[PDB]
Amino acid sequence: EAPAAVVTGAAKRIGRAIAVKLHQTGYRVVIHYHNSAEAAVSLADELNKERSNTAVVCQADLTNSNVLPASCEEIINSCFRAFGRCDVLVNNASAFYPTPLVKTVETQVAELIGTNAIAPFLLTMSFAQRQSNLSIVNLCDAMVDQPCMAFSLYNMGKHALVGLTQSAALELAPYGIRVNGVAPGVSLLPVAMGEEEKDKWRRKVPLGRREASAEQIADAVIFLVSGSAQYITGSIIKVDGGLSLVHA
Amino acid sequence: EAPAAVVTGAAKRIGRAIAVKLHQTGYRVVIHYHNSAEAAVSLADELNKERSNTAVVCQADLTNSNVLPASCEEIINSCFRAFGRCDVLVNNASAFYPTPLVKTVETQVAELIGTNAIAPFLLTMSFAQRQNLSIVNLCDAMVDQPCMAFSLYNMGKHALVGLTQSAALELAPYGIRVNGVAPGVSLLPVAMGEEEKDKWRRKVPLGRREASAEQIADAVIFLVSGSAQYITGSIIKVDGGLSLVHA
Amino acid sequence: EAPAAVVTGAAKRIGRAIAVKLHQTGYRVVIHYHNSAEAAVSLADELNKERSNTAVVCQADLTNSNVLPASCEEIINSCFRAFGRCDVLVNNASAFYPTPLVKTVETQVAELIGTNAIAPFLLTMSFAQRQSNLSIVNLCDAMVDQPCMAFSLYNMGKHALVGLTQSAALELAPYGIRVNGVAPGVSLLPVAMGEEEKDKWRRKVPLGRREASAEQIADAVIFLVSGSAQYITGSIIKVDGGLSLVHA
Amino acid sequence: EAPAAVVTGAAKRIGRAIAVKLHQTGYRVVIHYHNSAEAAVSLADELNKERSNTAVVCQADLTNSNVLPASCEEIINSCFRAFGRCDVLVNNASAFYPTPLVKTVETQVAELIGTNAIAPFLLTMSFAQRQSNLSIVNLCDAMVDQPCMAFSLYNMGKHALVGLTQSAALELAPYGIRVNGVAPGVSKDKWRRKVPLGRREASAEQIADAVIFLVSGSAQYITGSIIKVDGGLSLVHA
Ligand SMILES: NC(=O)c1ccc[n+]([C@@H]2O[C@H](COP(=O)([O-])OP(=O)(O)OC[C@H]3O[C@@H](n4cnc5c(N)ncnc54)[C@H](OP(=O)(O)O)[C@@H]3O)[C@@H](O)[C@H]2O)c1
Ligand SMILES: NC(=O)c1ccc[n+]([C@@H]2O[C@H](COP(=O)([O-])OP(=O)(O)OC[C@H]3O[C@@H](n4cnc5c(N)ncnc54)[C@H](OP(=O)(O)O)[C@@H]3O)[C@@H](O)[C@H]2O)c1
Ligand SMILES: NC(=O)c1ccc[n+]([C@@H]2O[C@H](COP(=O)([O-])OP(=O)(O)OC[C@H]3O[C@@H](n4cnc5c(N)ncnc54)[C@H](OP(=O)(O)O)[C@@H]3O)[C@@H](O)[C@H]2O)c1
Ligand SMILES: NC(=O)c1ccc[n+]([C@@H]2O[C@H](COP(=O)([O-])OP(=O)(O)OC[C@H]3O[C@@H](n4cnc5c(N)ncnc54)[C@H](OP(=O)(O)O)[C@@H]3O)[C@@H](O)[C@H]2O)c1
Ligand SMILES: O=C1C[C@H](c2cccc(O)c2)Oc2ccc(O)cc21
Ligand SMILES: O=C1C[C@H](c2cccc(O)c2)Oc2ccc(O)cc21
Ligand SMILES: O=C1C[C@H](c2cccc(O)c2)Oc2ccc(O)cc21
Ligand SMILES: O=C1C[C@H](c2cccc(O)c2)Oc2ccc(O)cc21
C-alpha cells in the first residue's frame, strides 16, 4: 500500500537527497545509477535497514542510443517488479560539461541531450504507458535563460526539458498524471570545483550568499508530488535563492 | 511565540482559505477586509473559538489615493499591536473588472492598479521597515494570455510580478523571502451562470475543474514554510495546466 | 498624404532619435515634451527646415493625476489638429529613479507608474478612440526580470507596460492597430552618472562592450511601425547587445 | 564584395521566401535541400537568371547521425567555396509531426531533435569556426510555451533551439556574430479564425521580412532576441 518512486541518478548528491526524502515520506524507491554502484547499493542498504524491502537499485546508461528506449522501459519495469506500482518519476540524472562553439561531438550530443532530455522523454513515455496521486518531477535549471558561457548543449538539453515538462503536463493531464519541474540555481557545487571558485558563486546568491542544500532541492520535489500540489501541473518552481533575478 | 500573518481581502473565497490554513498551521492572523465586515468578523470569531486571541480584523480600502500609504502602514501596525510580530504578509485583495480601450477611468486606475500593485508595494515597504519572514503575492497564471478588455487589471498583475521579483532581490539581505502564487481559474464569480463556469472548467487539462480556494492556499502554505527556505522571487502556477493550452 | 506620429518625451535622447528617424522616413511628428522646452522647439525647427509643416511640439506632464486622461487626450488631439490624422504612437517618456523599500511616496508612484504605464494606457485609449498601417510602440526595458536593486516602482511600471503591450495588441487587433515594444538594455546612460560607473555597465555588454546608440533603438521602432512588420503584434524586441543573457 | 548567406531547407515555403528576399537585398545564397532537388534547382535558376553565379544548391540530410557534423561542415564549406565568405546562416529546415506519449522512436528523435536543434548547433559551430555584419537567424516557434497536444519531441527541439539561440548569442558576441530568432505562429480556417491580426496566416514573405531586418545593419545591436511574427496568436487564451 506504500507508493513507489523512481529517482534517476540517485546514488549521490541531489538525487540521493530526493530518494531519502521520498523514502522518509513513506515511498518505496528505485535508486537508479550509472557508474556509482558502491554509493547506490550503500544507499539502498541504509534505506532497507530503516524499512526492509523498500529500496532497490537499477543500473542504466542514459546516454542517447538506439537502446535507450529499452533501458528507460527497464527502469520503469524495475519499479513495477520490485513494488507492484510506480507512482512518481523524478528525472534527476544529468550530464554537465562545456561544449565550446569555437569525446566526439556526437558523443557529447548523446550524453548531454540524452541524459537531460531524451531519457526523461522516454521514461515519461514508459511511466505513462505502464499505468492515486501520479506525478513526474523534472530537475530543470533556474539559469536556463542566463546560461554559463560555452555550455550550449547542456543548455539546449535543459531547455528541451522545460519543453517536455510543459508538453507532458498537457498531454498526461487527462490520465491524471501531473508533470512539474524543480529548477535549482546553484546547489551542490561540482566536487572538482576549487573552494575559491565555489565562493565566487556563493557570493552572487541574494538569499544568504550560499548554495542550496540538497535537502532544499528535495523539499520542492516532495511538495510537488504531495497532495498539497494536486492542482499543480506544468509548473516549474525555481529554488534559487534569487540568483536568476541578479543582473550582470 | 506563535507567528503572525496579515492576509489582505481575507473575508471570503481565496483570502479566507489562506487565512484558515495559516491559522490551522499555527499562525495568528489579521483578517483585512474592505466591504465584507460581517464575513471578516464571522471568520475571526470562528478562528478565536478554535484558539483564543489569535485573529483580529482590520478594515481598509486599498484603492490608490494620498491616504493609501497610511492605510497600508496601519494594516502592518495592527499585526504588531495585536500580536507583537508580523512574520508573513499575503497580498491577496484584488479588484477585477473589464476596462475596455474602445466609474471614471482614474477611479478604475486607482482601484485596479491600487489593489493589485500599489497597495502590495506599500504593504511590502511597511512590512520590511518594521522588521522565517516572507511575503506571498497572489498573481495570475494567465497574465501573458489575458482576458480581452482587461488591460488595467492585467497591467496591475504584471506590475505585481515585477514587485515580487524586485522585492525578493532587495529584501533577501534581511532574510525576507518574496514569492507568488498564480491561480488560473479558481473560484468563479458567484453570479456567473453554470453554463459559463463550465466553458472555463472544460479548458482545464487537469480534471476539467477550477482550483478550490484550499488548493491555492496549499501553495501559499508551502511558500511560507521551512520547506521553501531557499525559494525567493518564484511564482508558482496553480492552474491545472490552463496556461499551457493554446487558443 | 504623409502619415503622422506622436512621440512622447521626444526632446532629447532616445525619443529625439525616434522622432528624427520617423521624420526621415516620411512621417509628420508631434514632439511631446515636459520640461525640455528649448530642446523640443529646437528639434521641431530642425525638422520643419527640412520639410515645412511636418513637426509641432506639445507640452504635457505625464505624472498620474485626475487630469492625466485630459493631458493624454490633448497629446493625441494635437496630432489630429496639426496633421488631420494619427498613425503611430510611440510611448517613450519615462521617469527613472530609485525607490528603496527600506518626494512623498504617492508622488513617486504618480511619476514612475504614471509616466511608464498609466500615460501609455491613456494615450493608447485616446489613440484608438480617435481612429493604413496604424501602430503603437512602447519603450520597455530588457532588464525587467533582472531589476536594478531598489528600483521596485520603476520596474513595476515597466512590467505594467509589458502587460499593456500584450492586452492592447489583443484588443486593438480587430481595429488594425498593431501594438509592440522595444526593450533597450543599456543605451544612453544618465547625464548624472560618473564615467567610471558608465564603463562598468558598458563592460557587461556581450556585443561590443558598449551601450546602444539612441539610433540603434530608433531603428527597431522604425521596423515595427513599417510595412515589413504588418503581421507583428504583441512582440517586444530586445535591443540590448545580449546584456539580459548575462548571469550575475 | 556582396555578402553570402546559407538558408537551410530553402527549396519551398518559408525558407524559399527567405532565400528570395536575401537575394533581392543583394546576398549570394546557398539553397540547402534534402529531398526537394527539383525545387532547389528551379529557385537557383530563377536567382542566377536575375544575377549570374549568385545561387548554388547543397544536398544534405539534416537528421542526427554519425555523419551530421560532416554534412553541416560541408554546408558552410559550400558557402565559402562558391562565394569566398559566409556572412549569414538561417537555420530554417525543420521536421514536424506528432510523437504521442501514450518510424522507431529513435528515428523520431534523430529527425525532430536532429533537424530542429542539433543541425542548427553544428551549423552554428561550423559557421563560427570558419570566421563585418555576421549573424545567424533561427526559425523558432511562437507557440513554444502553448504547444500542440502530442507534439512533445517537436516542442523539445524548438525549446532546445531557443536555448541555442541564447547560448550562441552569448558565446559568439565577442566574435561579432549576432544570433537571433524569428518565431512564426501559423504561417486550417479553424486556426486562421483565432489569429487576432486579420484572422489569416502569415505569408512566408512576412516571416522573411523579420529575417531581413535581423540580418540588416538596422539590427547591429540586437542579439539573443526572438521576434514573434504570429499576428498575436500566442497572446490568445484557450
Ligand atoms: N548541482 C547544482 O547546483 C545544479 C544546478 C542546476 C541544475 N542542476 C540539476 O539538478 C539535478 C541534480 O543535480 P546534481 O548536481 O545532483 O547532479 P550531478 O551530480 O551532476 O549528476 C547526477 C547524476 O547523474 C547521473 N548521470 C550522469 N551522466 C549519466 C549517463 N550518461 N547515464 C546515466 N546517468 C548519468 C550520474 O550518476 P552516476 O554517479 O551513477 O554515474 C550522477 O551521479 C540535475 O538534473 C542537474 O542538471 C543542479
Ligand atoms: N478566482 C480566480 O480564479 C483567480 C484567478 C486569477 C487570480 N486570482 C487572484 O487570486 C486572489 C484571490 O482571488 P479571489 O477570486 O478570491 O479574489 P476576489 O474574491 O475577487 O477579491 C478578494 C477580496 O479583495 C478585496 N478587495 C477588492 N477590492 C478592494 C479594495 N478596493 N480595497 C480593499 N480590498 C479589496 C475584497 O474584499 P471585501 O470583500 O472585504 O470588500 C474581496 O473579497 C486575487 O489576488 C485574485 O486576483 C484569482
Ligand atoms: N536609456 C536607457 O538605457 C534605457 C534602458 C532601459 C529602458 N529605457 C527606456 O527607453 C525609453 C527612452 O530612454 P531615455 O533614456 O531616452 O529616457 P529619459 O531620457 O530617461 O526620459 C525621456 C523623457 O521622458 C520625459 N519625462 C520624464 N518624466 C516625465 C513626466 N512626468 N511627464 C512627461 N514626460 C516625462 C522627459 O522629458 P523632458 O526632458 O521634456 O522633461 C525625458 O527627457 C524610456 O522609456 C526608458 O524607460 C532606456
Ligand atoms: N509554417 C508555420 O506555420 C510554422 C510555424 C512555427 C514554426 N515554423 C518554423 O519555420 C521554419 C520554416 O517553416 P516551413 O513550414 O516553411 O517549414 P517546412 O515546410 O515544414 O519544412 C522546411 C524544410 O525543412 C527541410 N527538412 C525537413 N526535414 C529535413 C531533414 N531530415 N533534413 C534536411 N532538411 C529537412 C525540408 O527540405 P526538403 O524539402 O529539401 O526535403 C523542408 O522543405 C521551420 O523552422 C519551422 O519549424 C513554421
Ligand atoms: O554541480 C553543478 C553546479 C553547476 C553550476 C555552477 C555554478 C553556477 C550555476 O548556476 C550552476 O550547475 C550544474 C548543472 C548540472 C549538474 O548536473 C551539476 C551542476
Ligand atoms: O473570479 C475570478 C475568476 C477570473 C477568471 C475567470 C475565468 C478564467 C480565468 O482564467 C480567470 O479571474 C479572477 C481574477 C481575479 C479575481 O479577483 C477574481 C477572478
Ligand atoms: O539612463 C538610463 C539608463 C539606465 C540603465 C543604467 C544602467 C544599467 C541599465 O540596464 C539601465 O536605465 C534607464 C531606464 C529608464 C530611463 O528613462 C533611463 C535609463
Ligand atoms: O506548417 C506548419 C504549420 C504548423 C502549425 C499548424 C497549426 C498551428 C500551429 O501553431 C502550427 O507549425 C509548423 C511547425 C513547423 C513546420 O516545419 C511547419 C509547420
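What follows draws every value from the coordinates through simple rules; no lab data is involved. No Cβ is skipped: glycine too gets one built from the backbone with ideal geometry, and neighbour counts run over all protein chains shown.
A few notes on this one:
- ³J(HN,Hα) computed for each position of the stretch A:104-110 - Karplus, 6.51 cos²θ - 1.76 cosθ + 1.60, integer Hz, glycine/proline x: 5, 4, 6, 6, 4, 4, 4
- Here the stretch C:1-103 is assigned +1 on the Cβ of each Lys and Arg and -1 on the Cβ of each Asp and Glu. Its dipole about the Cα centre then comes out at about 220 debye.
- Shape category assigned to the protein assembly as shown from the gyration tensor of Cα positions, a/c cut at 1.5: oblate
- Neighbours of A:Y154, meaning other residues whose beta-carbon lies under 12 angstrom from its beta-carbon, give a summed charge of -1 when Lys and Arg score +1 and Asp and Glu score -1.
- In range of the label at A:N66: residues from the stretch D:61-84 whose backbone nitrogen is under 16 Å from the point 7 Å along Cα→Cβ: D:64-68
- Subset of A:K21/A:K200; C:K12/D:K21; A:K200/C:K200; B:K21/B:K237; B:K12/B:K49 violating a 24 Å alpha-carbon distance limit: A:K21/A:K200; C:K12/D:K21
- Placing unit charges on the Cβ atoms of the charged side chains and taking the dipole of chain A about its Cα centre, the candidate lying farthest along the positive direction among A:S65, A:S228, A:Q108 is A:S228.
- Amide H contacts of D:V6: D:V30, D:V88, D:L89, D:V90, each under 5 Å away and 5 or more positions distant or on a separate chain (H built 1.01 Å from N in the peptide plane; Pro and chain starts excluded).
- Across chain C: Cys residues that no other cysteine approaches within a C-beta distance under 4.7 Å: C:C58, C:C72, C:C140, C:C148
- Charge dipole of the stretch C:29-94 about the Cα centre (unit charges at C-beta), most positive-ward option of C:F83, C:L43, C:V29: C:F83
- Computed over the stretch D:1-102: relative contact order in percent, which uses C-alpha pairs under 8 Å that are six or more apart: 34
- Total formal charge among the other residues, if their Cβ is under 11 angstrom from that of A:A248, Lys/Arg +1 and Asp/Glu -1: +3
- C-alpha center-to-center spacing [the stretch B:160-196, the stretch C:39-89] in angstrom: 38
- Candidate cross-link partners of D:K194 among the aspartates and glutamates, defined by an alpha-carbon separation under 14 Å and a same-chain spacing of 8 or more, comprise C:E171, D:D230.
- A simple count of charges around D:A60, restricted to other residues whose Cβ falls under 14 Å of its Cβ and scoring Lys, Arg +1 and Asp, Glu -1, yields -4.
- Electrostatic dipole magnitude of chain C [Cβ: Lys, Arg +1; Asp, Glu -1; Cα centre; debye, to 20]: 380
- For the cross-link pairs C:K204/C:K238; A:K158/D:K228; B:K203/D:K190; A:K158/A:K238, the ones whose C-alpha atoms lie over 19 Å apart are A:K158/D:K228.
- Counting only Cβ charges, +1 for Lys and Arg and -1 for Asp and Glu, the dipole size of the protein assembly as shown around its Cα centre is about 460 debye.
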